[PDB]
S.K.: 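If you scroll down you'll find the structure; I have some questions about it.
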2 protein chains.
Amino acid sequence: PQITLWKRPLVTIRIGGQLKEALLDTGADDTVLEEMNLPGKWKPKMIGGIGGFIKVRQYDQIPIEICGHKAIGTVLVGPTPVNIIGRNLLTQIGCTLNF
Amino acid sequence: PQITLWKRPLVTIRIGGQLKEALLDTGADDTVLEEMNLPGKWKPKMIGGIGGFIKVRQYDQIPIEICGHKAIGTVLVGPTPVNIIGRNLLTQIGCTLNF
Ligand SMILES: CC(=O)c1cccc(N2C[C@@H](C(=O)N[C@@H](Cc3ccccc3)[C@H](O)CN(CC(C)C)S(=O)(=O)c3ccc4c(c3)OCO4)OC2=O)c1
C-alpha cells in the first residue's frame, strides 16, 4: 500500500502472541519495542534520541509480522512510549520513501 | 525520487542560504534542527523524545528546500541529536511510504 504522512504511520505488528501498533519509522536505524518479556538471549545497549538515551535489551533473529509481511531481525526492547519499526525491518517488507 | 532504507535517508536541505544535512524521519511529528540562528520571532516550546523532554525554539513559516522541493512551515530549533525533517514538512513535499 501507500501510506501518507498526514497522520502518524502506525500499522499493526505481530510478535508472537502479541499484536501492537507501531510506527514505520525511517528515522530509526533499529527497531525499538515497548517493554515485553521475549524468550532467549539478549545483550544490553544504549540508544539515543531527543532528550537523551534509554537502556534497551537487544534480541536477535526475532520474527515479526508487519501488515502481513514477514520480517526477522534484531529487536531492541525498552522503555519507549511507542513501538518503532526501524530501517532494519522496513527494508525486509519492501518499504521505501517516495516524493 | 524513490529512497530505499538500507542507508539513513539523509538529504541536503537549504535554509536561510545555508546547506545542511537532515534525516527524513517519518516517526517525527515535527521538524527539529540543531542549534542555529534564524530571523524573526520565536516561541519557547518543549517537546518529548525517546530520552525525555527538551526545550526548543519554535519558528513559524520558515522556507526550507528539501532535496529540491519547497516547503514553508514550522521549524523547531534545539538539542536534537541530528537534524530531522518531520511529518509537518514531509507532507508538504509530498512524501509517502510505500511497500
Ligand atoms: C509523549 C512523547 O514522548 C511524544 C509526544 C509527541 C511527539 C513525540 N515525538 C518525538 C519525536 C521523535 O523523537 N521521534 C522518534 C520516534 C519516536 C516517536 C515518539 C516517541 C518517541 C520516539 C524518531 O522517529 C526516531 N528517533 C531517532 C531520531 C530522533 C533521530 S529515536 O530516538 O526514537 C530512535 C529510534 C531508533 C533508534 C535510535 C533512536 O537509535 C538507534 O535506533 O517525534 C515525535 O512525534 C513524542
Side-chain angles (χ1 to χ4, degrees), chain A residues 1-11 21-35 45-56 65-71 73 76-99, chain B residues 1-6 8-11 13 21-34 45-56 65-69 71 73 76-99:
Chain A
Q2 177 170 105
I3 299 167
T4 53
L5 300 168
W6 291 120
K7 60 181 174 107
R8 296 168 171 148
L10 296 167
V11 304
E21 296 296 294
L23 287 172
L24 301 178
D25 192 355
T26 60
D29 300 337
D30 306 317
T31 293
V32 192
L33 300 183
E34 295 158 348
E35 186 51 56
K45 182 170 181 154
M46 297 286 280
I47 61 172
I50 290 169
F53 284 73
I54 55 160
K55 194 182 303 194
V56 298
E65 185 157 273
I66 301 157
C67 300
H69 294 78
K70 292 178 175 64
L76 308 182
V77 176
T80 175
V82 299
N83 294 305
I84 295 164
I85 306 303
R87 292 185 300 98
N88 70 305
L89 300 190
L90 292 171
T91 63
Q92 299 186 12
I93 71 172
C95 190
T96 57
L97 281 163
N98 305 79
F99 59 102
Chain B
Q2 175 163 261
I3 305 183
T4 60
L5 298 170
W6 283 284
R8 287 174 193 180
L10 291 164
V11 297
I13 68 172
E21 298 299 294
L23 184 68
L24 303 176
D25 188 349
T26 57
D29 292 354
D30 302 315
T31 296
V32 194
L33 303 181
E34 296 189 281
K45 190 188 202 208
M46 288 178 62
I47 63 173
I50 207 167
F53 278 65
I54 62 165
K55 294 171 73 175
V56 293
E65 178 187 286
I66 299 162
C67 209
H69 291 248
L76 309 179
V77 177
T80 176
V82 299
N83 294 324
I84 69 186
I85 306 307
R87 291 189 301 99
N88 74 304
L89 299 184
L90 293 176
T91 57
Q92 290 198 19
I93 69 174
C95 194
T96 59
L97 291 160
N98 299 270
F99 63 96

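By convention in this document, chain letters (A, B, ...) are assigned in the order of the sequence lines, proteins followed by strands, and residues within each chain are numbered from 1.
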S.K.: With a 4.5 angstrom heavy-atom cut-off, could you sort out which part of B:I54 is near chain A: side chain, backbone, both or neither?
M.R.: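 It is the side chain, since no backbone atom gets that close.
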S.K.: With only heavy atoms counted, which part of A:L23 is less than 4.5 Å from chain B, the side chain, the backbone, both or neither?
M.R.: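 Only the side chain of A:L23 comes within 4.5 Å of chain B.
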S.K.: Of all of B:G86, B:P79, B:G78, B:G52, which one pairs up most often with chain A through heavy atoms under 4.5 Å apart?
M.R.: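 Answer, by heavy-atom pair count under 4.5 Å with chain A: B:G52.
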S.K.: With side chains defined as the heavy atoms from C-beta onward, is the minimum distance between B:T26 and A:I3 less than 4.5 Å?
M.R.: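 Result no, sub-4.5 Å side-chain heavy-atom pair not found.
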S.K.: Less than 4.5 Å apart, side chain to side chain, heavy atoms only: is that true for A:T4 and B:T91?
M.R.: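 A:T4 vs B:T91: side chains apart.
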S.K.: Most heavy-atom pairs under 4.5 angstrom with chain A, which of B:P81, B:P1, B:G48?
M.R.: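 Sorted descending by pairs with chain A, the first entry is B:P1.
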S.K.: Does a side-chain heavy-atom distance below 4.5 Å link B:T96 with A:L5?
M.R.: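 The answer is no, as the side chains (C-beta and beyond) never meet within the 4.5 Å cut-off.
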S.K.: Atom CH2 in B:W6, atom CG in A:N88: separation rounded to 0.5 Å?
M.R.: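 It comes to 12.5 Å.
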S.K.: Checking A:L24 against chain B: side chain, backbone, both or neither under 4.5 Å from a heavy atom?
M.R.: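 Both parts, backbone and side chain.
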S.K.: Which one of B:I50, B:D25, B:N98 has the most heavy-atom pairs closer than 4.5 Å to chain A?
M.R.: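 Between B:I50, B:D25, B:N98, the count favours B:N98.
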S.K.: Between A:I66 and B:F99, is there a side-chain heavy-atom distance shorter than 4.5 Å?
M.R.: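 Contact flag for B:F99/A:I66 side chains = no.
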